[PDB]
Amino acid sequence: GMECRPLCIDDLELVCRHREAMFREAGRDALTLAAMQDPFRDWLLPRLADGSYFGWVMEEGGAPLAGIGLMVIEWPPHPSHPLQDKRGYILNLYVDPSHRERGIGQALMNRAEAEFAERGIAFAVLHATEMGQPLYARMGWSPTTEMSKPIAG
C-alpha cells in the first residue's frame, strides 16, 4: 500500500532528485539545473540535519514515489501575519509521473499545511509551477504580488 513518512537525513539524494525533476519538467534549462546541483546539495545537507528543512515522503511498499519540503522562514511582521516574524514555505513537491492520478500531491500538500498548523504558523507561501497551480488554487492558495529581477545573474 501507500504510506507517508517524515523526511530524514538519508533522504538527501531523494530531495535533490525531486528538485531537479520538478524544475526540468517545468522547463528550466538542464545546464542551469546542473550548475545548481552541488550548491543545492551542500545547502540542504546541514538543514536536513538540523530540521530547518523538513517534509514528507510518499512510499509504495517502502519505495519513495513522491516528496514535499517545508521550511519556516524568518520574515518581518506583515499584515498577513501581524504578530509573527515568520512564514511557512513549501518547496520541492514532486510526484512520480506514473502515479499522478491518485491524489498524492494533494495528500502531501495537506500534510505540509497541517504541519504548519501544528506549529502555529499564520501564513505560508510557495512558488508554483504551471502544472501545480490548478491544484493549489483548488486548495485555497492565491497568487501574490511578488515580482523578480535578475541583478548580476
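Residue numbers run from 1 along the displayed sequence.
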Out of 42 to 50 and 64 to 72, which one has CA B-factors that are higher on average in the deposited record?
42 to 50
Looking at the entry, does 86 to 94 or 122 to 130 show the higher mean C-alpha B-factor?
122 to 130
Sorting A117, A26, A35, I104 by Cα temperature factor from the record, which one lands on top?
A26
Is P150 in the lowest, middle or highest third of its chain when residues are ranked by C-alpha B-factor?
lowest
Would you please rank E20 by its C-alpha temperature factor against the other modelled residues of its chain and give the third it falls in: lowest, middle or highest?
lowest
Split into thirds by Cα B-factor across the chain's modelled residues, where does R111 land: lowest, middle or highest?
highest
